[PDB]
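Since the structure comes first, as structure tokens, the remarks are kept for the end.
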Amino acid sequence: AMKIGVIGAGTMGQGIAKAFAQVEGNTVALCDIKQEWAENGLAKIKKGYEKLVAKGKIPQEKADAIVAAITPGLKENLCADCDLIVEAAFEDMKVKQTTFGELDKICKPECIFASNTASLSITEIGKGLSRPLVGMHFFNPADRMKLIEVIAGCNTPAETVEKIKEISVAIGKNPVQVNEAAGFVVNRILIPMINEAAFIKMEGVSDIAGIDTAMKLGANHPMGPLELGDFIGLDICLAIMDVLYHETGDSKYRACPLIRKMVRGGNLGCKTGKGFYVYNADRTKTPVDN
Amino acid sequence: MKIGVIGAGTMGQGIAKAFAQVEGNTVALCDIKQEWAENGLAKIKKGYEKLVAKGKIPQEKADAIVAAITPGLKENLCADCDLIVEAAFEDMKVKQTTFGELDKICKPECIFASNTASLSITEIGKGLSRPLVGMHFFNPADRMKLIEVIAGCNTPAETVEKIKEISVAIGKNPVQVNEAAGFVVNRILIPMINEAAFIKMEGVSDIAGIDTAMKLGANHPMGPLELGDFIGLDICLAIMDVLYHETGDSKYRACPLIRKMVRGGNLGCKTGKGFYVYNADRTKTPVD
Amino acid sequence: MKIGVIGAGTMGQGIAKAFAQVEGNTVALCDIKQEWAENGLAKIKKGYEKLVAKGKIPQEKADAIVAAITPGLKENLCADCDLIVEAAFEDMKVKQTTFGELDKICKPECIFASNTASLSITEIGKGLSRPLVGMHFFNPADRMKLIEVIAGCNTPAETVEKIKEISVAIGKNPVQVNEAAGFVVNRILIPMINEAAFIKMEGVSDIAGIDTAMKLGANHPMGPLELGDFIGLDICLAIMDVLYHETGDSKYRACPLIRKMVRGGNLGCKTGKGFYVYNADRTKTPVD
Amino acid sequence: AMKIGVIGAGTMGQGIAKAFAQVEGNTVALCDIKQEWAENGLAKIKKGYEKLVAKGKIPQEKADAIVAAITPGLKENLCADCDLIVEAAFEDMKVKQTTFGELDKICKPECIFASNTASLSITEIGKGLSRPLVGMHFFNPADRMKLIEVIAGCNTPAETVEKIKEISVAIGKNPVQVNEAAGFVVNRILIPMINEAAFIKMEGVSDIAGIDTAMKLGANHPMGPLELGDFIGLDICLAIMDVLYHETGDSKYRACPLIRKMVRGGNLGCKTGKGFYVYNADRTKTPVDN
Amino acid sequence: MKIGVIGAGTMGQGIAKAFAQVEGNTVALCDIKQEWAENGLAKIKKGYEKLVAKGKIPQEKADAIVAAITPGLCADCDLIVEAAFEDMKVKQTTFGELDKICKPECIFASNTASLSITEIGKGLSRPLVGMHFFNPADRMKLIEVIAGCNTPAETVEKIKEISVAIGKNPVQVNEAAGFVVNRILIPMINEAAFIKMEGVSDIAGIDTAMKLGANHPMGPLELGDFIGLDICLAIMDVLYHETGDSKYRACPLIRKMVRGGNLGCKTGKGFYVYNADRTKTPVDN
Amino acid sequence: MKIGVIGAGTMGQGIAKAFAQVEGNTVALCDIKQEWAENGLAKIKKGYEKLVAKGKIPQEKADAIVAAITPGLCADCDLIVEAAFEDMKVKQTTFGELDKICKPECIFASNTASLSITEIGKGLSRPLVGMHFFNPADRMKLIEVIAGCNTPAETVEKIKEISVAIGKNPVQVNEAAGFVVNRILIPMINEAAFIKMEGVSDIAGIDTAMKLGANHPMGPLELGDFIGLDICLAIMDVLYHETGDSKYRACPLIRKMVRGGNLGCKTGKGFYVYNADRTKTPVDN
Ligand SMILES: CC(=O)CC(=O)SCCNC(=O)CCNC(=O)[C@H](O)C(C)(C)COP(=O)(O)OP(=O)(O)OC[C@H]1O[C@@H](n2cnc3c(N)ncnc32)[C@H](O)[C@@H]1OP(=O)(O)O
Ligand SMILES: CC(=O)CC(=O)SCCNC(=O)CCNC(=O)[C@H](O)C(C)(C)COP(=O)(O)OP(=O)(O)OC[C@H]1O[C@@H](n2cnc3c(N)ncnc32)[C@H](O)[C@@H]1OP(=O)(O)O
């Protein structure tokens, strides 16, 4: 028995709504700024579940049972008696502080405020609030990845970290406590990997398929690092590298100028059909250095 | 085809099985003492008897593998070798005079390759009469499918192709690398371990947590702290210091935490304590 | 001598007492609102009444000090000023147009000085008709004996000497500085605080311990963590980021720990919590 | 009631011997490699105490009472039933590992092994030993400075840190626990100060007396940073900077090339009569830039 | 061919000279304030007068090229070269304001020093290319030809031919910060400034060192004053911000001098004070 | 004056030429293997022959200077210039072995590229000074005069006069890593190598870029091959180790080529392969 409000209806918010609604006994309020943005979010969840039922990987009764626990709307209307708030709205500081300042008046006092952000300070987002702000960081696709990073901020009490811990296990996830530093644990290790694999390309050491092949056969990684960057989106890798550099001031985390030149040109990876690989119609991918 | 493997230690052992696994090849497993090489082949043959009893290899395929390997001294066994893969102690002067000696023994068409991970292929073969290429296996060499082929600054393109063709002819996937510090795998993978240690050092997360986050967040088979324990923190410290010294770039500065643990003998699995304590059962316990 | 002090805040207050303390000087304490400047002088006069009751100043020396200071607007009080010390909000465009306005008011021989710590003296006075020098007091300006005199890239040697002579004429010790980021004191002293924080961040010692070690090991009056609390961690973060941005050098990267505490409002004494909790008695407690 | 053996009879060892022998109830074995090196150490302690009695700052009975508790000799002869060993021998790794490997056989099992080193790893010094090695770091003059840094190594148990804690209070010092990192607490903060004050000189920002005057009047420090470097010895500042750089790999701790050029020329500060200041006969010091 | 130059400063003026001195080309010269865009064409006749006087040019040739330059015109050019201020939104906006104004099929080229070509041309209808001239653009034989990720080869090659058509040498260079010449030459100026700042030598010694020790036509500090110390700071900063590498941090002595307006030859005081005698004096005497 | 040069390589040979070509000086040329120290004087007559053939020198002048050079002699010189290998203990030992051999009052000078002068002369009886020539020492007009902390002015000035006496220009420079010219010029070669390594351009383009874009007599990569890529690596490494600043990290492509013995003109293959035709080919074609 839990009510969960999810502020943001793009990719992350829809997956976070699905992660709670998969557990029987949870109802999800899928909110956004315009009521029609939330409705497009719930239709996107529905459309996506129609594909799996087709590909035979989920039963239609389950899909229906998931969709039935999600309600689109506005936070003023749906988040009063919410037990947990998980925001996955746009990565802008002032938008977050506004959202949470409103919800602070809307929500009952018992409500837990959490943010899925990966680029901003949990500490600075929840500064003015009347209650603890915590980080509850999901990984795309949030309904299938079992990791949750629980980020403590400078003032986030330990009970608040402990509660998000219990909730993550309740929904079948594995929490990992992180004290707020840029990149947390997973992003701080993983994106500098992608960045090194790009320096190795830029410096002429090896080719794209070779760097990826070496990482797949040499370390038993599921993808190559450059494959992976296309699939994450090179724009997001660049932004994480730049966040890792600006927070620390450490030249160690400088982004590879090759990534920046591709993002400038719009070659963001799988989402643009072209990054280090070209994604064609016939389901084949070829590295851009051929 | 006849291959000479210089070094009867673990790597040399694994490289000899890789070539002897394949029908039609012969391997001379050499080391600096006739006995060393004969102990190398005895470790190989008993690893094969555990496999036979485990039922995962025919008793006659294993015998035919052991039969294809001959221990001895290079002065006796490598003159009509077609390919030499060196896998001996990582010291630049020991590798240079081993390849100086082999330059006089081995027939001209014999190809010279070194399994080195941390020394410069180019420097290795500076003064020789024939090209020197990198042929960097991954342990266990008989089981890992990747082979990094390292072109030196004067290693002709023809030499690099023929080592590619040999790697596939023994069932590997060659990835051509133009020599730089760390090649591909080590240059990505060891700074990874190093970063997880800085995360531990700086109080961001705990050892178990850093490792759980990378396997459940990034789909990695091992956490980076378990893996640096499995590779050996001494191997990880040394690769970091190579990257640092070959580049000049503070980016590759090793994490002082790893340097403190290596100074105390806490190297990982090989000493029974690193980031994890490895107990008498099978569990491992984070020192956290 | 007649001095104009631009800014009736704490620094401007402390700089006006420094000049009015000395017999024969007059000070115009100006700010952008007539009331602000009159509140500045009222804070000054009541600080002097606590001193009189504490018996540490004659009742007539204090009255004569307060009498030498006149609040108002610069357009009214600074035209026949001999020296202008600006001490207003640290924003480059606010300082440039304040000195543009004063360039038309003040008689030509009036000397223009700014108390800025983080902005470029040279940029401050780029387009003016007269030189612009740094005259950087230390709070409390009336009590600290040091004055850093900052030569700009176009500040003549004659201007620098005359500010030296004024500093001693009001009983200070001038230390000539050729403009660079941090001058002398801030460039040594704030990286100090920053380093003690990295030591805390990296788990080397504890907050009380870092502070006790520096006072009993180096003969320092305050620990560096107490001192960053007393200066304000926001002031310390900002100086770090100036040093970093003016140099380009990772050496002066601020410690992320200090950046996290500033984002949470834990700035030190001014907010009642930083590295120390400051309780209702007089004790302070390390957040450690 | 405590017996203390001090391995090293130069400056540090003599001051460490004096710090324990000042406390009634402690007897000090002042050891070195050649019996005559320890005797010169005890005569140096005696000569130095004859000066204070002259300058009127200590009573002669006290000096005599201190000297009487110090015995020069060889560790084989004097350190068997020692309660604590504090080595302040030369800063060389192999010398330390040899000294401690011998003392490990000499000393009773109850004996605490400690090292005053400031440049080497406590962890690497006591690796092969049969008992914990700890760092007990004194500050010249060890008999008058109240700070002791107690350094835990990678394997130094907490009881061993706790015991050196009690002993430091017993002798009137204030211990500070430090987990082993280069420079500990005091040196990592202080010498990079001296180094910055030297960059400021080298870059032409201010003059020698001005940098020192600013630091004395601006921060209320007892000395200027350049004054202080002369008094510490610029060779030692250089070595600490170089140790801080090599251990971290961080360009942040690069030594100022001005310090290195003065050390090369032999201008080590007060001990050579010339560093940033020239130390004349008539008790006056003038900065070398005049 | 018709050619429009955007910017009327040293480089704008020199790029205009470079096109108009080849028989057959016509140039449109432009700037913000028109009085500055005629001040441009004014500095062009003034210099051609001093050379015809010195016998280096025939008056009729000097008069044939200053008649091919029109201060404005851009509606009909076959090629646009912007030599505007080295600020990114400054270049997007101009080029933004410019995709309307020019004929549909006319080539857009920027003379930027180190900025990404690819970001410069993002909202445009047509490919954007890099065509980099070197001070003085009318004498220096080099053109660096920089193509962005979305720059076709027909345009890269159409620039190579135009280059050889006006007596230049076009070297093609891939898009990275500083391209070739500035990435090498500007840190060299920056280093010489650190050498003066740390007192290793004086301004005079460093410059004659590199002239007599390296056979360089200018010392690195005279060369900074001639380039403009504000352009040098910019490129250093762009170098530093593109790579993230403290290797390229500008020398604080150059940031101090740009803040004071000691920019070199354009303001009469850089590392040298330039006198009417035509003699320059190092500011450290 | 009598002059002894220590080292018989390019710089040793050129420094010998620089003294002997001035009427009145005599030089003693030296090296490890004597066959190398006559190989030195062999490369000196061979080059003077090719110039007399090309009419640049009169045979009698070529014959007057090769008669002032004696392969050895050092016992009586008034001035010693070492141009030995750029390894510190290599220079201390030589100079160590040399304070005995030379006359008591003779001036000791090192042609080191970046090493501290002050540490070079520590155990010596006499001041040690820096007298830095530039390849080719007989043409390049510059001498950098470097004094150590314990080098008196009489010796610094005695070098300045000797310099002007052999038609050079002596610039005095304070002891820091790289002095002036190499601290600027060598990272410039190093940068051009990073530019080739990151693929921004090819070897040819970078060099003609800097010739046509900067008016440089050699491109930075030809200049590396002419200096020797082993000397360039050394100076970069010394730069990096003296400052501690990753700004000066050598480019790994130059460390790889030195490891392979691709040193430039002295080994026939650097960034260019040098052919008997007298044409050089970039190794990337
Ligand atoms: C920052 C960026 O983005 C790109 C950049 O700009 S980086 C900087 C690139 N530019 C440079 O580095 C400049 C390098 N410096 C040089 O090449 C030389 O300094 C230099 C060519 C400018 C030297 O000046 P110079 O040789 O005296 O001028 P130059 O025109 O070549 O020859 C001088 C002659 O102008 C000659 N001349 C003949 N015709 C001429 C003409 N049409 N126009 C001008 N001059 C002419 C005359 O012969 C005059 O010499 P005399 O008085 O002795 O007769
Ligand atoms: C690393 C360190 O520690 C210090 C260093 O060395 S750093 C590197 C410093 N050195 C440099 O940078 C070199 C810079 N490069 C240059 O200055 C030019 O490359 C260069 C002078 C070498 C160009 O070569 P050049 O101009 O062709 O040779 P140069 O001798 O000056 O003139 C060529 C002429 O030799 C001339 N010549 C006349 N007399 C001569 C003589 N006594 N000796 C030699 N050449 C003579 C001839 O005129 C020949 O030219 P022609 O065939 O056209 O008639």
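For ligands, and for the atoms within them, numbers begin at 1 and follow the listed sequence. The analysis underlying the following values was restricted to heavy atoms, covering all of them including side chains, and did not include hydrogens, waters or symmetry mates. Lettering follows sequence order; numbering is per chain, from 1.
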query: Using heavy atoms and a threshold below 4.0 Å, how should the contact between F:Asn111 and ligand 2 be classified: side chain, backbone, both, or neither?
result: neither
Is [atom] close to the protein, meaning a heavy atom under 4.0 Å from it?
atom: atom 54 (O) of ligand 1; value: yes
atom: atom 50 (O) of ligand 1; value: yes
atom: atom 5 (C) of ligand 1; value: yes
atom: atom 28 (O) of ligand 2; value: no
atom: atom 46 (C) of ligand 2; value: yes
atom: atom 34 (C) of ligand 1; value: no
atom: atom 43 (N) of ligand 2; value: yes
atom: atom 19 (O) of ligand 1; value: yes

Per-atom contacts, ligand 2 versus [X] - under 4.0 Å to a heavy atom:
X: F:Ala113; value: 3 (O)
X: F:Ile57; value: 41 (C), 42 (N)
X: E:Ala214; value: 14 (C)
X: F:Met140; value: 17 (O)
X: F:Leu51; value: 40 (C), 41 (C), 42 (N), 43 (N), 44 (C), 45 (N), 46 (C)

message: So, regarding F:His132 and ligand 2 (criterion: nitrogen or oxygen to nitrogen or oxygen, under 3.5 Å), is there a contact or not?
response: yes
query: Is there a nitrogen or oxygen of F:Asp138 sitting under 3.5 Å from a nitrogen or oxygen of ligand 2?
result: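 For ligand 2, there is no N or O atom that lies under 3.5 Å from one belonging to F:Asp138.
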Got the closest protein heavy atom to [atom], with its distance?
atom: atom 11 (C) of ligand 2; value: F:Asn135 O, 3.4 Å
atom: atom 22 (C) of ligand 2; value: F:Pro136 CD, 4.3 Å
atom: atom 48 (O) of ligand 2; value: F:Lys56 NZ, 2.2 Å

List ligand 1 atoms under 4.0 Å from [X], heavy atoms only on the residue side.
X: E:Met218; value: 13 (C), 14 (C), 15 (N), 19 (O)
X: F:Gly213; value: 9 (C), 10 (N)
X: E:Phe134; value: 4 (C), 5 (C), 6 (O)

task: Considering only NZ, NE, NH1 and NH2 on the basic side and carboxylate oxygens on the acidic side, decide whether F:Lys280 and F:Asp225 come within less than 4.0 Å.
output: no
- request: Give a yes-or-no answer on whether the side chains of E:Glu82 and E:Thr94 include a donor-acceptor pair shorter than 3.5 Å.
  value: no
task: Measure from atom 31 (O) of ligand 1 to every heavy atom in E:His216, E:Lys61, E:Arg139 and give the option owning the shortest one.
output: E:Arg139
statement: Closest to atom 16 (C) of ligand 2 (heavy atoms only, candidates F:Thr10, E:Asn215, F:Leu185) is E:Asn215
task: Check step by step if side-chain contact (heavy atoms from CB on, under 4.5 Å) holds for E:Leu185 and E:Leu223.
output: CA-CA 10 Å; E:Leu185 189 69; E:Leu223 176 55; 3.7 Å; yes
message: At under 4.0 Å between heavy atoms, is it the side chain or the backbone of E:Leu223 that contacts ligand 1, or both, or neither?
response: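 The part of E:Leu223 near ligand 1 is the side chain, not the backbone.
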- request: Taking the side chain as every heavy atom from C-beta outward, state whether F:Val145 and F:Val173 have any pair of such atoms under 4.5 Å apart.
  value: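 Not in contact.
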task: Examine ligand 2 and decide if any of its atoms is less than 4.0 Å from a heavy atom belonging to F:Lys54.
output: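 Under 4.0 Å: yes for F:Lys54.
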